[PDB]
Every structure is written in structure tokens, then in C-alpha cells.
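Engineer: Have a look at the structure that comes next, please.
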Amino acid sequence: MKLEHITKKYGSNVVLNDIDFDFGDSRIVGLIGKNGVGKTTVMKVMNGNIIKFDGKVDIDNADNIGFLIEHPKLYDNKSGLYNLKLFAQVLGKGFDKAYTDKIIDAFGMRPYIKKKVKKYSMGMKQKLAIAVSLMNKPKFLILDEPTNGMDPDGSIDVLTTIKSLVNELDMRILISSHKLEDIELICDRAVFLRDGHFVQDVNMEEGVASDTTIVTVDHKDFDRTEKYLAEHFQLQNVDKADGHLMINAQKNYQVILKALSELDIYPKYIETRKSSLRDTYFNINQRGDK
Amino acid sequence: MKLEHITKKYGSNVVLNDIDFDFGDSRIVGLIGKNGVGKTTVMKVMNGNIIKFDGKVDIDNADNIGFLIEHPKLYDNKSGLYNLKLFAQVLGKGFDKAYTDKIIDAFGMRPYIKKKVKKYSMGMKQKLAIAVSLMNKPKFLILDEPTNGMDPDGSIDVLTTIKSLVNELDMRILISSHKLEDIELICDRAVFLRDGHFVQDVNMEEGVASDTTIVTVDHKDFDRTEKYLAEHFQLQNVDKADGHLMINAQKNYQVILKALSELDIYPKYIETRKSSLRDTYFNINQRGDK
Amino acid sequence: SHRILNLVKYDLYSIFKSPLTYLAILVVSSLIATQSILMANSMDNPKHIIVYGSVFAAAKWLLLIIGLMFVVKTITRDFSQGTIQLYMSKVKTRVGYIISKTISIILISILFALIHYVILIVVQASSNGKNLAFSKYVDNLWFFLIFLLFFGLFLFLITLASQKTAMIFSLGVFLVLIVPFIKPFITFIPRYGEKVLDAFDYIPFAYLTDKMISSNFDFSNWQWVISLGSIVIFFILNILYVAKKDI
Amino acid sequence: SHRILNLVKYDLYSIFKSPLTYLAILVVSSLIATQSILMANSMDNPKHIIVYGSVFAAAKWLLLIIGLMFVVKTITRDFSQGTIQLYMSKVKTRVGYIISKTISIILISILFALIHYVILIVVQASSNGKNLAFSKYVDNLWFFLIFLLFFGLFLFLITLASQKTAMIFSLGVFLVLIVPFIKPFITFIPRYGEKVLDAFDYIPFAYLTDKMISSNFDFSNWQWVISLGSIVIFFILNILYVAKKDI
């Protein structure tokens, strides 16, 4: 599955601008961005709802696509087992009892599998919708906010179950969910979307994690410390709004504190910690609004 | 504002069992629990919506109550400005242009305050619901999932603006929400709900005694550092062979590093060990399913 | 103090601001004009005399089933959007809510009576004949009040108990239309027909619907007592249930 | 080829499980029985002779209006519930979707024609008179097929363009019931009444609705060619728009 030179526009307004994308040796990829930047447009392009996108999409006809979009789609009047039966027959090659039973047992909807969907709640409907997505037997399964109105325990359990499904079936996953701290638990690579193009592509495989040191101080002092650290060491990232300065992992604090003491200016908060996706997200996208 | 000995039963299923609650020297409080534990029941009893308390509720008539529950409630065919006027005449004392204008200008829905609700998206409507809650001029604000449709950057501006109104006037807030790391940003205390009662209560300014900050300094400076710490705070364990002293958690490092820089001291290492809401949540809540 | 006036004030504004109110008036006026022209162009009377009883009854019937539908819609709007939770907060608000809805019902009934008066006045003004009496319109106003008050409070109890909106519309249509269809066939029941026919003169639903198509308004003392008592029991029960129900 | 058979198979199951289908059959049977009883109990015929044109026309009109509502409902079900985006993945799916929906329309039409045939058989068996001919029932089936196919494709196109439902129901009712109402006043139009009456024999809506009441399916050559051409053009346009429209 490859994308080449996609540029989608709505009249004078431009929504997607010359992106490239490829699943390179990775199983779980996260897509992160704001609201109305073209996250749903990109997802609709990926799923197949838009044909007049003016580019080239490399997909195979023998390969099926199972998807989850903005809201669960179900027959509200009828029952859940009817929904599973209908989408397994209509979309898959047929109905497999053992396969569907295994999916039902792992996700846990059996106590409430025989009651009508209109009597369900939001988390139950979302889990059932995820089951509808796996009903297709996909090679690529893409989910748009699978954990919207569900509690932390439920979300951790659901993502772990999805991870356990990734080895019995040959799966490549794209998740465009918010709440990035649940994403760092299960993700192999993250992509950040700003102004349509894919600006940065962070890939994480092993736990080296590129340890860093965080120094926090107010803006009127942040300029001078920034000058000192650019004149002395080599810097990876800076955050102006929070006064967050993110240098690499430093073992000895002696030379920084003696120099800042002889400088008479002082920092508010200092630590060394494992990196996450939150620093990168704020660094890329706090720039358009604040 | 007190709740005393509240018990609720549905037939033979007991949802709440002798729960007490009190707003003590706190402005922002957090409600944390699972899905379907009876959180919406706690907000509804506190909202005055439920009538069969099987307990006691003490309410002064002069105090106003403002609330937001599960989904925003507005008139879809009518405009947003219309919602503000209607809810001003029905719940408040009247309508004032300056006060409503102040809510409208700070949140940011001015370009689109005059379109019909049928055309809004999910995140804009949540902000409009929040605006109605502040429109009431309440003495107590009770919000049930205020951030279920906005991006992280959108969420931080909304919570910071909410905090700003907490400071400009006098309000007590009750917030129930998942994705607890944004709650810890602005909150004074959190209460955890399990089996119908508040099992654990955490005050964030004061901390817990298990919380430690470990500072290691050189052997020659150890005596002077110990003297300063003995003057200022409580010391539990001291290790000369290690060179490490653990003291109680402090959010600000300013006074401590000022004093050591005044005494020509540069610590070998500094770090803090703190418990977040994720650690407390998992410690209380893993007994549920695992 | 604000609680009673704001809800009632906005229903009249929504009435004056909706397009369906004028679509309904144009439809009803067209029907009445067609009926009057067809009856007036008949060859029995060369002097173009018109009897206003048939026009009175037909216009009254149409306006009653339309005012009934406007009342059910007005009372189920909040339950339809699920905004009733914002109103269901304190006991004082819960009672001002019920009181405001009743006052809104009174003004909508008064407004529909005024439209009926206007239609009859224009029809009498255009044609030639013998004018009516002021007592007929005042009795028509009172009849509007009892019918609409009774059905609106009953249907309000139903909407509070059920929190479903389609069922209310069906029950309203059922209560207006089941009795004229059943009435010729009730008599054929063996050895109980006289008893049921006389007891239909005692059931409030039955005699209010029988008298909906009548051209003159008259009641007995027992009928007046039962109707006023029924209004009072529904109002009291509504207050108690609204102050004792939990959402 | 699994998607085409599965879509037609599930609509039939949805028809066979709902109780409104058997409520419509009871209502239709009750109306035909009342009409037959009225014709049989008339005082002119002592031999209980019944002519079958009136029952044919009445049953045809009622059953046609019920079948029309059933096809529009089946067509807009997915667009009402929003599940349509699962059916819009690939190109082969968009074409199999339109073909399967048309096949479902055909199945609904044949089943409704068969029901009308069976019902008329039992009415004829109950009464006495002159039985009809097989060519009449077959030609009735063809008229059912043509009407339902044309209207189903038109409403399918409107629901593709608008993706809504209340307009679709109102629009279907508007085209079926406004033209018989509108036709008498057309002559009153100055100097264009004759032109509109002659041109109405080539407008598909006008003669299909006029011929709806009729007990015979006599068609001219031009009428047959233009109706078939309209069906083919609508099908081709639907296929092209479903394969070139972006959601």
C-alpha cells in the first residue's frame, strides 16, 4: 500500500499538500494532528471514500480493507449478533464460527451479546464496532478513535488485546487516536500532521529512548540560558511557551550549576527523563496558535 | 456544601454505600473512577436531579448551581447566541451584555457564535455547553466529561481559561473526567470512587510521605548541606557512604538551590520521585479486572 | 418570578416565528373557502343565503385537531431534545416548570380561539345572511379552554412518565379519532349496549369528543363537576409526581 | 459475486420479520372485503353478481402505494442510519451495491404482484361471476415492474444526491398524489391546456400516474420505447455517479 504525491483541495482552500507515505518494516503507526487539519480527510482517502484526490494510490484488488471511522455504524433497531452476521457475510468471504467466537471471547461482549444495540452504552458500542472491523479479515486495519468514551482501564485492556492479535494475524496497524500517552504504550512509529504535509516521522523500536535533560525557567531568563547552551553544547529541542529547554542526557550537573551560579541566574526545575511523544507534539504544533 | 450518609439501591443492587463529601479549602476537585461505577449517579445526586437520597442534603436557597452532564444540550435548529439568551432568561437573574461578552470573547467562539447548531462540530458544542454553565453565574460548577471532543492543545486552553475564571471570581468546581494527566495540571485534590465509596483522597499540594527527592552532593560539602536541610525541613534517612539525602517532595527548587549556590555547593545529582495519578489509579483500580 | 414568565413568553414567540403556523392557517382557510363556495354555489338558494352552523362546526373541528397537535409538540420539545435535565434541578424550578407549561397551554388555547373568531368574522363579513351572537363565541372560548387543558395535562402526565415522543403523537391522534369510528359499532354488543351507551355520556373522553362536532355548547351540572374535578386531580397528581420523580 | 446475493437476501429477511407488512396485508384485505360486501349487498342485484374492475383498481392502488413506501424505505435505510460508508469502499462494491439494490426492488415488485394475484384469486373464489384471464394478471405484473423500477431508480438517485430521508418520503408522496389532483385544473390555463394535455402523453410521470387508476395496461409503441429508454438512462447515470462521486 503506497501513496504518491497526494494533493487534495476544496475550491480555493487547500486541505492536503503533496504528502508521501509508506509502511516500512513497522506494525503499529500513529497519526497525530489537530481538528480540521485534514485528519479525517486523510483517513477518508485511506479508507477509500474519495476518488477525485488527483494522485496515485497503489492498492491491490486481491487485498481487503477493514476500517473504523468517526462514529460506530450499526443497525440500531436490530441486534448485535445480527450485525456481526450481516457484516461477516456481506464483507468477508463467509462466516467462520470459531474465528468470530475467538474474537468475541477476547473482547468480552458475551454477557451482553444477545441484547439490542440501542440498549448498549458508548464503550460497548465502540468495542462491538472494533469487532465489526476485524470481521472483514483485513490485511490492514485502521481505526479512528477506538477509545473515545471509554475509561483508562478499558482502553489499556483493549489496546493490549489488539497487540495480542497482531501476531496470529499478519497485521499492519494505523491508529489516528488522540491521548498520546496510551499510544506510547503500543506504537512502533508516529507521524505528525501540520499544514497538510507530514513534517516529522519518529520511529521507535528498542528502548534506547534517546534520554534527555529538561530544564524549566521563565522566559526573561530563557533567552540568556538558550544563548549559553547554544554557545556551549549542541541542542536538540526548545519550547518557548512553557520555558522548557530539552538538551540531551547529562550525567554531571556540576559544570552547569557552577556556570549558572557565576551567572547569578537560576533555573526553576531540573530533571533527566525518558522521552515521550508529548514533547515532540508540543514542539511541532504549539507554533500555529500560541 | 456537604453530603452525609448517602446510600442508593436499585432493588437489590447497591450503587452508593454511606459516602460523605465536603469542599474543604479546595477550589478544583477531581472525581476518578471506572465506567458504570455510579459516577453519573454521584453527579446527579449532587446536581439535585435525584430525589430519593436516603440521606441529607443541605442547600441554601441563595446559591446558584451550574452543571454540564454527558452530552451537550442545546436547541439544534436555533443559533448559539439564542442558546445564551434563552438560558440567561430561564436559569439566571437576567441578561447582561458585558458579562456574556466576557465569556464569549475569552473562549473564542465569536466568528461562529451566530451560526445554527445543526452545523457545529463536536468540540465547539462542548465549549458552548461550558459557556452555558458559566452563564448561570453559579456558586458551584459540576462538569461531567467537559473535554471529550477537543485536541490536546484545545483542551489546555479550555482548562487554563476555566482556571482563569476560578481566579477572577469565587467558584468551587467538581470535574469528572478520564485522561487524568490533564486533570493533574490544574486541580487541588482528587477523590477516587470504588464500590460506591471514596476509597482514597489525595491532596496534591501537600503530597504523600512515600514521595521522596534524592539529592547527592560531594563528601566534603555533605556537612554543610545536612546543616541547611536540618535547619529548614525534616530529614528521614541520611547516607554518607552513598552521599544521598532524601527529603519531602517540593514542587519548586528555587529556594533550595539558592541556598546551596550561596554556600558554594554544586550537587552531584538531583531528581525527584513522585506519584502521579496514573500510579495511584492503577494501584487502587487493578483489583477490578486483574 | 422569572421562572413562570420566561417559558410561556418564548412559546408565543416560537409560534409567531414558525412557518408551519401560517402554512396551517393557509390550508385551513383554503378548505373553509372551498366548502363555503361549493355550498354557496348550490342551486337550492337563488338569494345566496348561507347558514353558518356547518362552517362553524367544520372550522372548529379543524382548529381543534390542529391546536391539539401544536400543544403536543409544544409539550414534547424538551423531552425530544433531552434538555429536560437542565430544567429538572430543584423542586422550586420543577413546580414553576409545571405551572409555566399550564399557563402556556392557556395562551395557546386563547390564540387559537382568536384565529377561529377571525375566520368566522371574515366569512360572515364577505357573505350575506344572519349574524351570530357574542354568547356563541364566548362559549366557544370556554370549550377551547376545557378541551385543551384536559388533554394537555393528561398528555403531559404521559410524557413525564414515558420520556418517548412518537408515542405521545400516536396517543393524541388515537384519542381524537377512535371514538367516532367505534361509536356506530358499540351498540351491537348483546344485552350491554344500553348500559355502555348511557355510560358513554359519563366518560369525559367520550362526551368531549362527541360534543366536538356540535354547533352549540351545553353541559350538565354533573358533567361540569366531573370536568373541573378531573382538571384538579390531574394538576395535583402532576405536582406530586413532578416533585417525587427522579431522572 | 457474494455481495450482490447477500444484499438482496438480507432485505427480504427484513421484510419477512417486521409486523407492519402483515398489518398492511390485514388493512388491505379489510378494505377490499368492505368494498366487496358493499357491492354484494346492493339492492339492484338479487343474484350477488360482482364486477371485478372496481376491486382490481382499488386493490391495485392500495397495494401500489404500500409497495412504493416499502421500496423507498428499503432504499433510504442505510442513508438514514449512516451505515452506508461501510458499503462505499471500492469501485466493485459501488457497482455491486447499485445492482443488488435494483435486484431487491425487482424482488419486492414480483412478491407484491404475487400477493395481489393471490388476494384477487381468493376474492373471486369467495364470490361468483365471470373469472378473468391469465394475460391480465401477467400484464398487471409487468405494469408493477415498470412502475416500481422507474420510481425506485429516481428515488435512489435523489437519495444519492441529498443523503437525507424526510424529503424523499415527502417527494415520493408529492409526485404520486399531486398530479391526479392537478390534472382537472390544467384545462383552465389560458390557451395552453390543449398543449399540456397532448404533451402529458410523453411525460413519464403524467401517463404512469394516470394509468395507475386504469384496469388495463394498454401501451403505445412510443410510450414503451421512452419508458425503457428512461430506465436505461437512469441506470447508466446512477452507475456513473456512484463511481465518480466522492463522499
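Ligands are numbered from 1 in the order shown, residues from 1 within each chain, and chains are lettered A, B, ... in the order they appear in the C-alpha cells.
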DSSP says strand (DSSP E or B) for which residues of stretch 54-264 of chain B? Put them as a ChimeraX atom specification?

Structural biologist: /B:56-57,65-68,79,116,140-144,172-176,189-194,197-203,212-216,238-239,244-247

Engineer: Pick out the residues sitting within 12 Å of stretch 165-168 of chain B, and hand them over as a ChimeraX atom specification; count only C-alpha atoms, and ignore anything fewer than 5 positions along from it in its own chain.

Structural biologist: /B:26-28,99,102-103,106-107,131,134-135,137-141,158-160,173,186-187

Engineer: What does the distance from atom CA of residue B:197 to atom CA of residue B:7 come to in Å, to one decimal?

Structural biologist: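 Rounded to one decimal, the two atoms are 9.7 Å apart.
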
Engineer: Check every residue of chain A for an atom within 9 Å of chain D, counting only C-alpha atoms, and provide those that qualify as a PyMOL selection string.

Structural biologist: chain A and resi 44+47-52+61+65-69+72-76+86+89-94

Engineer: With distances taken over only C-alpha atoms, which of C:72, C:27, C:242, C:59 is nearest to residue C:165?

Structural biologist: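 Checking each candidate against residue C:165, we get C:72 as the closest.
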
Engineer: May I ask you to extract the residues of chain B within 8 Å of chain A, using only C-alpha atoms, and to give them as a PyMOL selection string?

Structural biologist: chain B and resi 34-35+148+150-153+178-179+252-254+258+261+266-272

Engineer: Mind running a least-squares superposition of chain B onto chain A over all the C-alpha atoms, in order, and reading off the RMSD?

Structural biologist: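 The C-alpha RMSD comes to 8.6 Å.
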
Engineer: Once DSSP has gone over the backbone, tell me which residues of stretch 65-162 of chain B are in helix (DSSP H, G or I), as a PyMOL selection string.

Structural biologist: chain B and resi 80-90+97-107+117-119+122-135+152-162
